[PDB]
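I have placed the structure first, in the form of structure tokens, so that the comments after it can refer back to it.
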Amino acid sequence: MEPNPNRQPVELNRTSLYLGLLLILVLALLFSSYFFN
Amino acid sequence: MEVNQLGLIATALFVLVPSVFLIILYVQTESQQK
Amino acid sequence: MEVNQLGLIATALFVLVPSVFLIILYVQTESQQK
Amino acid sequence: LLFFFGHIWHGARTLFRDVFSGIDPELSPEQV
Amino acid sequence: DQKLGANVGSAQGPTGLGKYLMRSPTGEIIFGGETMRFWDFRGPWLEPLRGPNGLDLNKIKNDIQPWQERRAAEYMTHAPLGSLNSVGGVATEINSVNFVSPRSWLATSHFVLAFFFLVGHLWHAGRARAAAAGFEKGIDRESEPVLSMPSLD
Amino acid sequence: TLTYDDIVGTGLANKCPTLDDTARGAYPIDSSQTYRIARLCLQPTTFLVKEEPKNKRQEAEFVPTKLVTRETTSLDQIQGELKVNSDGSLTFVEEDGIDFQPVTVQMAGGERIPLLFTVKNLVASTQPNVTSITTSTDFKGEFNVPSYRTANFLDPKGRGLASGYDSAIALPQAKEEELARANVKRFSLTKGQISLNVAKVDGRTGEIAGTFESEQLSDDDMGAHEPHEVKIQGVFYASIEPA
Amino acid sequence: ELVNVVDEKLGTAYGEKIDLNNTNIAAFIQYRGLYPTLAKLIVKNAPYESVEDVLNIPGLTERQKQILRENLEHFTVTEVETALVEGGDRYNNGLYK
Amino acid sequence: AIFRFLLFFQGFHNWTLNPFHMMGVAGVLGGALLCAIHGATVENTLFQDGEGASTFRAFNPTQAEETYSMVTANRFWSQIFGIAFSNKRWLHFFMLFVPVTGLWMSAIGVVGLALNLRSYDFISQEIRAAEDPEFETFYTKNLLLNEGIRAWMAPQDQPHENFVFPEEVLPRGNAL
Amino acid sequence: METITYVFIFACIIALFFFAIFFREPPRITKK
Amino acid sequence: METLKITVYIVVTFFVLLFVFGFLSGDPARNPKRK
Amino acid sequence: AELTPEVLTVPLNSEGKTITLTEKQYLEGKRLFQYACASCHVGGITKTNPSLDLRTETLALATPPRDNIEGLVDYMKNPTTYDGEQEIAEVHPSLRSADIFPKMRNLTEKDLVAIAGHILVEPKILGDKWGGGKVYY
Amino acid sequence: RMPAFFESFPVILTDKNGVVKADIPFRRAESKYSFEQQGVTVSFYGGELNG
Amino acid sequence: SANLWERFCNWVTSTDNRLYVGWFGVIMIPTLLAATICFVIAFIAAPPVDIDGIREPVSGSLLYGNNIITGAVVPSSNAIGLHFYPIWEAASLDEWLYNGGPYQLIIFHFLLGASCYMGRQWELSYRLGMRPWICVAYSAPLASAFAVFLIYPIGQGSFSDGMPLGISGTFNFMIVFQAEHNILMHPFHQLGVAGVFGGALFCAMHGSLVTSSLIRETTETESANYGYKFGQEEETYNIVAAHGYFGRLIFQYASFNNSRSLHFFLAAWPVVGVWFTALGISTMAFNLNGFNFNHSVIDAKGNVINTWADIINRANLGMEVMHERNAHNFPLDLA
Ligand SMILES: CCCCCCCCCCCCCCCCCC(=O)OC[C@H](CO[C@@H]1O[C@H](CO[C@@H]2O[C@H](CO)[C@H](O)[C@H](O)[C@H]2O)[C@H](O)[C@H](O)[C@H]1O)OC(=O)CCCCCCCCCCCCCCCCC
Ligand code: CLA
Ligand SMILES: CC(C)=CCC/C(C)=C/CC/C(C)=C/CC/C(C)=C/CC/C(C)=C/CC/C(C)=C/CC/C(C)=C/CC/C(C)=C/CC/C(C)=C/CC1=CC(=O)C(C)=C(C)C1=O
Ligand SMILES: CCCCCCCCCCCCCCCC(=O)OC[C@H](COC1O[C@H](CS(=O)(=O)O)[C@@H](O)[C@H](O)[C@H]1O)OC(=O)CCCCCCCCCCCCCCC
Ligand SMILES: CC1=C(\C=C/C(C)=C/C=C/C(C)=C/C=C/C=C(C)/C=C/C=C(C)/C=C/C2=C(C)CCCC2(C)C)C(C)(C)CCC1
Ligand SMILES: CCCCCCCCCCCCO[C@@H]1O[C@H](CO)[C@@H](O[C@H]2O[C@H](CO)[C@@H](O)[C@H](O)[C@H]2O)[C@H](O)[C@H]1O
Ligand SMILES: CCNc1nc(NC(C)(C)C)nc(SC)n1
Ligand SMILES: [Ca+2]
Ligand SMILES: [Cl-]
Ligand SMILES: [Fe+2]
């Protein structure tokens with residue numbers, strides 16, 4: 001097979017990781033109360 | 001108390017899954033040569 | 001039935017956690033230049 | 001009982017650090 | 001038990017199936033108990049009790065003959081159960097009756113032989129096919145077949 | 001006439017004999033000559049299980065069900081005296097025979113309903129004044145329905161009535177009042193109703209044929225739960241002889 | 001109240017003597033000359049309202065009646081219990097050596 | 001005297017139902033497989049280094065070339081099983097791992113049976129079996145086999161306990 | 001809830017199987 | 001139900017024929033050298 | 001701890017008189033008992049009818065008494081039911097039926113006495129084991 | 001008493017000399033020691049059920 | 001088209017297929033897909049099965065109260081015995097699931113396919129020019145499934161006595177087997193455990209000896225595995241150093257130096273041992289059981305002096321006396 005030429009690499013910088021996690025964790029702090037209801 | 005049984009797992013996977021996502025990327029980014 | 005309440009989450013994290021581990025590595029390996 | 005295995009492992013890895021990674025040459029065996 | 005005054009035809013066993021007589025899957029009257037699995041057994045001693053629908057409750061009720069009673073007793077106490085050291089009976093039995101049915105000896109000996117021979121078959125047939133085409137002694141270091149085939153990858 | 005081999009495996013063995021379309025006669029009763037039934041036989045055709053109207057009592061009906069076991073349903077070799085009565089009626093009184101067969105049928109839900117389809121101790125009767133047995137000469141009476149499982153039967157945990165465990169030995173320090181019902185085995189005994197209505201007579205050989213309908217209760221499982229009401233429809237064949 | 005009729009029966013005459021209306025046939029093998037012939041007659045001849053009614057089984061030879069009279073002290077009689085009589089359990093209750 | 005040790009463990013500890021004993025066997029059983037399977041793969045994937053049929057003599061005690069086609073073996077299994085080795089160094093390390101790990105697990109299970117901390121029952125199962133008399137699994141069945149083993153053995157197997165179990169107290173099915 | 005958990009893991013092992021057989025690293029000769 | 005029997009039977013015949021007519025097709029031939 | 005002649009002293013007849021077997025008769029009986037009984041009476045029980053055993057007490061309450069050499073011997077010649085009210089020589093091995101149970105043809109009065117002696121001696125040695133079944137194995 | 005080894009154990013009652021006097025039977029068919037046949041009774045001293 | 005059928009036969013037999021669908025495969029692939037697909041559904045949703053023919057259904061599927069460890073696919077009814085019970089033999093599926101129909105559909109297709117799987121392990125070896133016999137190693141584990149799934153049932157008179165398809169169901173097969181045959185006391189089973197124990201043993205021996213005598217070609221902080229390239233000419237370990245060590249552990253002549261003789265032994269041992277274990281189950285399928293030393297050693301008076309053989313009998317009686325609670329109506333267990 002021929003190495004498909006439509007692929008690029010993927011990236012996530014450290015700051016994005018942080019901004020990401022901050023969002024996941026707090027949403028979790030916001031919705032857990034309603035999940036346990 | 002009288003809470004929901006699935007609440008714990010709903011909260012656990014709600015945090016783990018997407019966090020595990022980001023982390024997989026960040027680490028694979030971080031280790032890209034040059 | 002009359003099972004353990006934590007059984008579900010014990011099994012879930014028992015599978016997720018280490019699988020997530022391997023996966024983080026494999027992908028960061030896989031993306032190393034050269 | 002699990003730690004025993006660690007001891008046997010790490011100990012060995014200390015007395016055989018040299019041969020770790022593999023061995024090499026000659027063909028001496030029987031004949032002091 | 002029939003001699004003790006029990007009505008075999010209507011006797012109900014622990015499970016509600018029929019201590020002495022029950023029905024097979026296609027309707028025929030057979031002996032009850034774990035023996036329901038052997039309802040395909042036919043034999044001189046037992047046939048005269050069979051009717052057009054299987055065991056006849058009337059013959060069983062008054063046509064059983066003594067020679068049959070003792071035949072059933074003989075055969076009951078000579079089932080093909082025994083140990084290697086020839087101790088007739090169930091594995092938990094006591095020593096005394098030194099016996100192992102000829103039918104057990106024959107059957108086992110011949111299953112072993114029959115088996116190993118099937119291995120023998122596979123073995124000698126596998127050798128013959130490699131011998132013919134000619135490689136039953138190794139892959140030609142030079143022309144290694146696999147090496148000329150595309151990578152399945 | 002078919003020997004055993006001529007029936008084996010055909011399922012034919014679980015079928016009460018039949019009379020031809022011709023045989024629609026009448027058999028005579030001497031009333032001064034004892035008679036007996038040399039062979040009564042009952043073949044089920046349908047098993048209907050009355051459904052529990054849920055809490056909303058709205059009147060419940062019987063529903064068809066699938067026969068999950070196989071062709072092992074028929075009762076055969078029934079026998080007893082067919083005494084003639086003062087008023088000129090006839091009452092059959094069974095003595096012995098393959099008078100019961102454990103049957104199991106499934107339902108809409110998937111529920112298996114086991115019953116001990118039987119006619120033990122039958123006491124069937126007819127109309128007063130019955131000189132000769134004509135087509136449709138109704139027989140009606142009761143019988144006994146003994147517990148499905150007998151005294152010695154042990155549940156999956158070893159508990160039994162005549163034998164077995166005293167309690168839930170798997171839960172050594174559990175409260176017992178709640179388990180009461182399932183540890184203490186009870187042996188149920190009940191009555192049943194059946195009616196054999198003739199359709200084919202044959203005074204010649206004295207062998208009548210017909211169809212029956214009987215009702216009884218199903219297994220209560222050593223009294224662990226309530227029994228279901230069952231109705232059973234099929235056909236029968238009887239051999240009347242002076243004797 | 002739910003009670004195990006059998007374990008309860010063991011608190012009555014049954015449980016102390018051969019019950020002519022319930023006890024299984026093999027029980028008669030513990031007394032001289034009762035087993036085969038008589039035990040069958042006793043069991044076969046339905047329930048009894050009183051131990052003596054046994055002496056009344058139709059046909060009993062004069063000698064049998066003699067023997068019966070001798071062993072009456074070992075018999076009793078109680079309400080017929082279905083759990084113990086159903087299934088023909090009195091001719092074979094599933095117990096052997 | 002060892003077979004009773006086995007029977008005992010079934011009967012009293014219901015050892016066969018233990019996660020660790022299972023791993024144990026998966027390893028010993030699985031280890032005796034690698035053994036057999038690797039051996040045959042080698043003997044029937046050999047190069048010809050002799051003119052005889054008895055290819056045993058055709059072996060170079062003094063290294064040099066691989067005596068069997070590692071490349072052919074790979075393709076074989078890769079087409080019959082779907083998966084196949086391709087790194088003798090790993091294939092051989094794997095062979096150390098499988099049975100040594102198995103036995104280690106079977107040990108832990110026993111270290112737990114010392115305190116009697118066994119894997120005897122499944123509570124959810126027992127609870128349903130109590131309330132409902134028609135529920136039956138191959139598990140409940142087994143537990144009854146254990147009861148019999150314990151009741152009929154305990155007497156002559158634990159003499160110091162001067163056990164006396166009246167015939168009427170001995171658990172037994174019908175007829176047997 | 002338990003049934004679902006048992007079937008899920010099973011379904012996951014079969015998925016693994018697939019990928020392992022059909023998406024392994026092609027096994028390359030000599031050069032490496 | 002009497003149908004399924006028929007179908008199953010057909011289906012098994014197919015494959016069993018495919019099998020016999022297979023090794024029959026000069027199978028010894030198929031292999032690396034001597035054929 | 002041995003098979004003394006004290007143990008081999010078993011009741012000969014109903015009137016108390018006894019006989020003393022010898023280690024030869026014993027072994028011989030034991031061999032004969034295996035040759036023509038074990039088949040169904042292994043260990044003192046009765047496979048084709050577990051309700052009647054060879055326990056001495058069981059034989060005592062038999063009818064007539066079969067708990068002595070004389071008794072058992074008669075039995076091996078003309079067998080009866082526990083109440084004696086019926087001869088069963090047709091479905092039970094015995095001398096009067098050796099044509100039907102060949103194993104009983106060789107058997108001579110000397111042999112019958114040994115077999116009988118064995119039955120009274122065994123429970124003396126084994127005890128409860130002899131009568132009961134698997135419960136005692 | 002129940003030896004630690006046993007998950008489940010039978011109810012057997014003996015006197016001082018260790019003679020089996022009463023028990024809870026499995027197969028009642030021939031029970032000689034059922035609590036019923038023996039008139040077994042129980043009395044308590046000290047505690048909730050005292051007296 | 002060089003000729004359709006001519007082509008078909010070239011594909012089937014093609015050695016260029018990712019998975020070698022062979023001639024044997026044409027039978028294998030379908031039978032194995034049926035066995036597998038029916039099993040998975042059964043194990044998950046099948047309803048209770050009257051295994052012992054006494055109308056006492058044993059539910060063994062997940063959705064009906066079982067977990068992975070307890071759950072299983074239950075054997076066909078005993079009412080059925082050895083009779084063939086194809087779906088088209090039942091008034092309905094409801095009837096078929098109750099008498100354990102799925103069991104037969106599974107065992108028959110599996111045993112069928114697992115054989116062809118052997119037939120295939122030959123074929124591919126042929127199309128590739130390699131010596132046969134690998135398939136002969138696989139004859140042992142197969143000959144076992146056969147013994148446990150078919151021979152034993154034929155011998156015992158019913159498929160209901162075949163090993164169940166589940167974890168606990170298997171322990172049941174074992175515990176009961178032991179009680180009725182006293183297998184632990186049978187030569188063939190012992191040879192079986194020697195082969196299995198031995199196998200695992202040797203598997204560890206080889207595995208270690210070799211792995212421990214690998215020629216160094218790797219860094220101190222690099223997987224020692226990389227020191228091997230797929231498609232090497234020379235060996236990756238010093239089989240002379242290996243033999244040098246092992247010969248000194250025990251003693252020289254008690255150690256292998258011929259890799260070919262080593263590997264033959266390595267294969268021969270387990271396969272031969274398991275062959276006997278399979279012949280054991282196939283032999284005790286006709287009631288020729290293990291040694292019965294019950295009451296052998298007796299003292300000077302005649303008293304019975306117990307041996308461990310007797311303590312084993314008690315444990316066996318417990319199993320005998322309790323298995324199949326309600327299935328027996330008579331004294332002797334002849335079935
Ligand atoms: C990778 C390569 C692997 C290669 C593996 C090769 C394995 C080869 C196995 C080969 C052969 C197995 C042979 C079995 C022979 C059985 C002989 C036998 O049954 O003979 C039966 C006789 C009789 O036993 C006697 O049986 C007797 C009585 O029966 C009776 O006799 C009485 C009167 O005498 C009464 O009449 C009584 O009622 C009646 O039942 C008495 O009870 C005696 O007391 C009792 O001792 O046998 C005895 O005594 C026997 C004492 C036997 C010890 C047996 C060991 C057997 C197998 C061991 C395998 C070990 C493997 C180790 C491997 C290690 C590393 C690999
Ligand atoms: C690829 C091989 C294959 C094989 C070997 C089998 C084999 C079997 N299946 Mg199966 N099956 C398969 C694929 C296969 N199946 C597929 C793909 C499906 C999905 C549809 C099924 C679905 C299925 C079901 C649903 C059932 C089976 C069942 C069975 C068993 C049936 C027993 C029987 O009566 O039929 C055997 C029939 C014969 C032996 C007769 C064929 C005779 C042939 C050789 C010759 C006929 C002569 C011909 C007319 C002359 C030739 C002339 C020439 C000029 C061409 C049997 C072991 C049943 C079962 O498991 O019961 C327990 C069952 O219920 N199968
Ligand atoms: C809905 C439904 C159906 C649900 C569930 C169904 C169900 C019942 C599932 C059961 C599964 C289950 C839970 C099982 C429990 C047991 C278990 C998995 C325990 C796991 C934990 C465990 C044992 C830990 C430690 C012990 C241990 C290391 C075990 C290892 C086991 C193992 C994988 C062994 C390997 C076996 C094996 C086939 C190796 C093949 C190797 C290879 C392909 C050989 C071919 C080959 C040979 C050569 O010589 C060469 C040269 C080459 C080149 C080559 O290729
Ligand atoms: C009643 C039956 C009804 C059946 C209906 C189906 C008919 C047949 C086939 C098509 C259906 C899809 C099949 C998927 C194929 C595949 O993945 O392999 C694709 C590869 C690629 O090659 C290949 O693919 C080539 C083409 S290409 O890559 O598609 O272009 C093609 O030319 C070549 O011949 C081929 O080998 O094919 C093979 O190597 C042959 C595989 C055989 C199948 C295996 C079955 C094994 C069962 C095992 C049991 C366990 C598993 C249980 C799972 C539930
Ligand atoms: C509860 C619930 C749920 C859940 C579920 C889940 C979570 C799932 C998952 C799932 C998954 C995650 C799955 C997966 C799958 C996979 C598959 C299905 C695969 C396959 C494969 C194949 C098939 C391959 C191939 C092969 C092999 C391997 C071998 C050989 C042969 C062949 C070739 C065949 C839902 C949501 C629905 C809804 C309702 C509820
Ligand atoms: C007791 C009952 C006995 C019944 C016997 C029934 C026999 C029925 C058919 C016999 C058929 C022989 O059939 C003939 O075989 C040869 C191989 O030898 C096939 O030839 C075949 O093999 C070659 C390779 O050798 C392929 O390249 C070719 O495409 C293929 O067709 C013929 O195409 C086929 O027609
Ligand atoms: C090559 C190392 N020597 C060696 N020797 C032996 N000898 C026995 C007897 C254990 C097979 N085994 C091995 S490991 C299969 N290796
Ligand atoms: Ca309901
Ligand atoms: Cl059962
Ligand atoms: Fe190797």
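Ligands are numbered from 1 in the order shown, residues from 1 within each chain, and chains are lettered A, B, ... in the order they appear in the structure tokens.
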
Counting only C-alpha atoms, what is within 8 Å of residue 33 in chain G, bar same-chain residues fewer than 5 positions away, as a ChimeraX atom specification?
/G:67 /K:61-63,82-84

Please produce a file of the residues just selected, as a PDB file, in the first residue's frame, where the atoms kept are N, CA, C and O atoms.
ATOM      1  N   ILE G  67     -49.383 -63.865  66.079  1.00  0.00           N
ATOM      2  CA  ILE G  67     -48.206 -63.013  65.969  1.00  0.00           C
ATOM      3  C   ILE G  67     -48.544 -61.542  66.148  1.00  0.00           C
ATOM      4  O   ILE G  67     -47.885 -60.840  66.903  1.00  0.00           O
TER       5      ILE G  67
ATOM      6  N   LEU K  61     -33.619 -62.332  64.435  1.00  0.00           N
ATOM      7  CA  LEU K  61     -35.046 -62.103  64.355  1.00  0.00           C
ATOM      8  C   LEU K  61     -35.657 -62.708  63.105  1.00  0.00           C
ATOM      9  O   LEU K  61     -36.845 -62.569  62.850  1.00  0.00           O
ATOM     10  N   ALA K  62     -34.836 -63.403  62.327  1.00  0.00           N
ATOM     11  CA  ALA K  62     -35.330 -64.057  61.126  1.00  0.00           C
ATOM     12  C   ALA K  62     -36.277 -65.171  61.567  1.00  0.00           C
ATOM     13  O   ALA K  62     -36.419 -65.428  62.762  1.00  0.00           O
ATOM     14  N   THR K  63     -36.916 -65.837  60.614  1.00  0.00           N
ATOM     15  CA  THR K  63     -37.861 -66.898  60.946  1.00  0.00           C
ATOM     16  C   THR K  63     -37.815 -68.013  59.915  1.00  0.00           C
ATOM     17  O   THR K  63     -38.244 -67.832  58.782  1.00  0.00           O
ATOM     18  N   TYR K  82     -38.075 -63.728  55.154  1.00  0.00           N
ATOM     19  CA  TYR K  82     -37.828 -63.390  56.557  1.00  0.00           C
ATOM     20  C   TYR K  82     -38.847 -63.950  57.554  1.00  0.00           C
ATOM     21  O   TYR K  82     -38.524 -64.117  58.738  1.00  0.00           O
ATOM     22  N   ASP K  83     -40.071 -64.221  57.097  1.00  0.00           N
ATOM     23  CA  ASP K  83     -41.086 -64.802  57.979  1.00  0.00           C
ATOM     24  C   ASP K  83     -41.132 -66.316  57.758  1.00  0.00           C
ATOM     25  O   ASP K  83     -41.837 -67.053  58.450  1.00  0.00           O
ATOM     26  N   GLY K  84     -40.356 -66.773  56.782  1.00  0.00           N
ATOM     27  CA  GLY K  84     -40.291 -68.184  56.483  1.00  0.00           C
ATOM     28  C   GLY K  84     -41.562 -68.687  55.867  1.00  0.00           C
ATOM     29  O   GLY K  84     -41.681 -69.863  55.545  1.00  0.00           O
TER      30      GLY K  84
END

Close residues, residue 85 in chain K itself excluded, 10 Å, only C-alpha atoms, min 5 positions apart in chain, as a ChimeraX atom specification:
/G:33,35-38 /K:63-64,80

List all protein, DNA and RNA residues that have at least one atom no more than 7 Å from any atom of ligand 9, counting only C-alpha atoms and all ligand atoms, and write them as a VMD selection string.
chain M and resid 52 56 324 to 327

Output file for the selection above: C-alpha atoms, as a compact mmCIF listing (two decimals), in the first residue's frame:
# COMPACT_ATOMS: atom_id res chain seq x y z
CA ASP M 52 -30.83 -34.48 34.45
CA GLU M 56 -35.37 -29.54 37.52
CA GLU M 324 -27.66 -35.38 41.64
CA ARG M 325 -29.80 -35.17 44.81
CA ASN M 326 -33.10 -36.09 43.24
CA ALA M 327 -32.01 -38.14 40.24

Got a sec to check which residues lie within 12 Å of ligand 5, using only C-alpha atoms and all ligand atoms, and send them as a ChimeraX atom specification?
/C:12 /H:78-83 /I:1-24 /M:17-21,25,28-30,32-34,36-37

Please produce a file of those selected residues containing N, CA and C atoms, as a short mmCIF file (atom, residue, chain, number, x, y, z; two decimals), in the first residue's frame.
data_model
loop_
_atom_site.label_atom_id
_atom_site.label_comp_id
_atom_site.auth_asym_id
_atom_site.auth_seq_id
_atom_site.Cartn_x
_atom_site.Cartn_y
_atom_site.Cartn_z
N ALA C 12 -14.58 -1.20 36.41
CA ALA C 12 -14.35 -0.15 35.44
C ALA C 12 -12.95 0.44 35.56
N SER H 78 1.14 -17.37 11.42
CA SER H 78 0.47 -16.15 11.00
C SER H 78 -0.71 -16.43 10.07
N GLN H 79 -0.79 -17.63 9.51
CA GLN H 79 -1.88 -17.96 8.59
C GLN H 79 -2.87 -18.95 9.16
N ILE H 80 -2.44 -19.72 10.15
CA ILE H 80 -3.33 -20.71 10.77
C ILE H 80 -3.95 -20.24 12.10
N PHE H 81 -3.23 -19.41 12.82
CA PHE H 81 -3.73 -18.92 14.10
C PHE H 81 -4.00 -17.43 14.01
N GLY H 82 -3.33 -16.76 13.08
CA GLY H 82 -3.52 -15.32 12.89
C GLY H 82 -2.46 -14.48 13.57
N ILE H 83 -1.87 -15.07 14.60
CA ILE H 83 -0.84 -14.42 15.37
C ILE H 83 0.33 -15.39 15.38
N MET I 1 -26.79 -4.87 34.83
CA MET I 1 -25.65 -4.01 35.21
C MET I 1 -24.40 -4.88 35.22
N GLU I 2 -24.51 -6.08 35.79
CA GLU I 2 -23.38 -7.00 35.83
C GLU I 2 -23.27 -7.64 34.46
N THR I 3 -24.40 -8.10 33.93
CA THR I 3 -24.44 -8.72 32.62
C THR I 3 -23.75 -7.79 31.63
N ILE I 4 -24.16 -6.52 31.64
CA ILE I 4 -23.57 -5.53 30.75
C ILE I 4 -22.08 -5.46 30.93
N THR I 5 -21.61 -5.46 32.17
CA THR I 5 -20.18 -5.40 32.39
C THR I 5 -19.46 -6.63 31.86
N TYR I 6 -20.04 -7.81 32.06
CA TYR I 6 -19.40 -9.01 31.55
C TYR I 6 -19.36 -9.00 30.04
N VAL I 7 -20.48 -8.71 29.39
CA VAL I 7 -20.49 -8.71 27.94
C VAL I 7 -19.56 -7.66 27.35
N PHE I 8 -19.52 -6.48 27.95
CA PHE I 8 -18.64 -5.41 27.48
C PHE I 8 -17.18 -5.84 27.40
N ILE I 9 -16.63 -6.31 28.51
CA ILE I 9 -15.25 -6.75 28.52
C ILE I 9 -15.05 -7.80 27.43
N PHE I 10 -15.96 -8.76 27.32
CA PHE I 10 -15.86 -9.80 26.29
C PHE I 10 -15.78 -9.16 24.91
N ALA I 11 -16.71 -8.25 24.66
CA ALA I 11 -16.77 -7.53 23.40
C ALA I 11 -15.46 -6.78 23.18
N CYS I 12 -14.83 -6.34 24.26
CA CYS I 12 -13.56 -5.63 24.14
C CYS I 12 -12.42 -6.56 23.80
N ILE I 13 -12.45 -7.77 24.34
CA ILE I 13 -11.39 -8.71 24.03
C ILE I 13 -11.50 -9.12 22.56
N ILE I 14 -12.72 -9.35 22.06
CA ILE I 14 -12.87 -9.72 20.65
C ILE I 14 -12.39 -8.60 19.74
N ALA I 15 -12.66 -7.35 20.12
CA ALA I 15 -12.20 -6.21 19.33
C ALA I 15 -10.66 -6.30 19.29
N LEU I 16 -10.04 -6.46 20.46
CA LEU I 16 -8.59 -6.58 20.54
C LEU I 16 -8.16 -7.64 19.53
N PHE I 17 -8.70 -8.85 19.67
CA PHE I 17 -8.39 -9.94 18.75
C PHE I 17 -8.28 -9.45 17.32
N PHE I 18 -9.35 -8.84 16.82
CA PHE I 18 -9.40 -8.29 15.47
C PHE I 18 -8.16 -7.44 15.18
N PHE I 19 -8.02 -6.34 15.89
CA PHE I 19 -6.87 -5.46 15.69
C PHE I 19 -5.53 -6.17 15.77
N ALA I 20 -5.40 -7.14 16.67
CA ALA I 20 -4.15 -7.86 16.81
C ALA I 20 -3.84 -8.68 15.57
N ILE I 21 -4.84 -9.35 15.03
CA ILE I 21 -4.61 -10.17 13.85
C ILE I 21 -4.47 -9.33 12.58
N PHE I 22 -5.39 -8.39 12.38
CA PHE I 22 -5.35 -7.59 11.18
C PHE I 22 -4.65 -6.24 11.24
N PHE I 23 -4.18 -5.81 12.40
CA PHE I 23 -3.49 -4.52 12.48
C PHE I 23 -2.22 -4.59 13.32
N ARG I 24 -1.48 -5.68 13.15
CA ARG I 24 -0.23 -5.88 13.85
C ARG I 24 0.81 -5.06 13.09
N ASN M 17 -3.05 -15.94 1.34
CA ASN M 17 -4.17 -15.41 2.11
C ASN M 17 -3.71 -15.06 3.52
N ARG M 18 -4.14 -13.91 4.04
CA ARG M 18 -3.77 -13.48 5.39
C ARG M 18 -3.98 -14.62 6.39
N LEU M 19 -5.11 -15.29 6.25
CA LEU M 19 -5.47 -16.44 7.07
C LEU M 19 -5.62 -17.55 6.04
N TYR M 20 -4.91 -18.65 6.20
CA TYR M 20 -5.01 -19.71 5.21
C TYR M 20 -6.29 -20.53 5.20
N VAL M 21 -7.33 -20.05 4.53
CA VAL M 21 -8.56 -20.84 4.45
C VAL M 21 -8.18 -22.04 3.57
N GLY M 25 -10.32 -26.02 5.80
CA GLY M 25 -10.93 -24.78 6.24
C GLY M 25 -12.37 -24.57 5.78
N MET M 28 -14.16 -26.10 8.27
CA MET M 28 -13.85 -25.46 9.54
C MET M 28 -14.54 -24.13 9.74
N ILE M 29 -14.20 -23.16 8.91
CA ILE M 29 -14.75 -21.82 9.01
C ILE M 29 -16.26 -21.75 9.28
N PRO M 30 -17.06 -22.59 8.62
CA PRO M 30 -18.49 -22.49 8.91
C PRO M 30 -18.90 -23.13 10.24
N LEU M 32 -17.13 -23.70 12.83
CA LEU M 32 -16.63 -22.92 13.95
C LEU M 32 -17.38 -21.62 14.17
N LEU M 33 -17.93 -21.02 13.12
CA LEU M 33 -18.69 -19.78 13.29
C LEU M 33 -20.06 -20.09 13.92
N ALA M 34 -20.60 -21.26 13.61
CA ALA M 34 -21.88 -21.66 14.17
C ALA M 34 -21.67 -21.98 15.66
N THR M 36 -19.28 -21.04 17.68
CA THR M 36 -19.03 -19.81 18.41
C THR M 36 -20.28 -18.93 18.54
N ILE M 37 -20.94 -18.62 17.43
CA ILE M 37 -22.11 -17.77 17.52
C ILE M 37 -23.22 -18.33 18.40
#

Go through chain E and collect every residue that DSSP, computed from the backbone, puts in strand (DSSP E); the answer should be as a list in words.
residues 21, 22, 23, 29, 30, 31, 82 and 83 of chain E

Keeping C-alpha atoms, export the residues of the selection given above as a short mmCIF file (atom, residue, chain, number, x, y, z; two decimals), in the first residue's frame.
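Result written to selection00.cif:
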data_model
loop_
_atom_site.label_atom_id
_atom_site.label_comp_id
_atom_site.auth_asym_id
_atom_site.auth_seq_id
_atom_site.Cartn_x
_atom_site.Cartn_y
_atom_site.Cartn_z
CA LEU E 21 -42.11 -46.33 35.18
CA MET E 22 -42.09 -43.11 33.18
CA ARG E 23 -42.39 -42.00 29.54
CA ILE E 29 -43.34 -46.45 28.63
CA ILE E 30 -39.86 -47.05 30.02
CA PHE E 31 -38.13 -47.73 33.34
CA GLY E 82 -14.50 -51.96 38.16
CA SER E 83 -10.96 -50.82 38.94
#
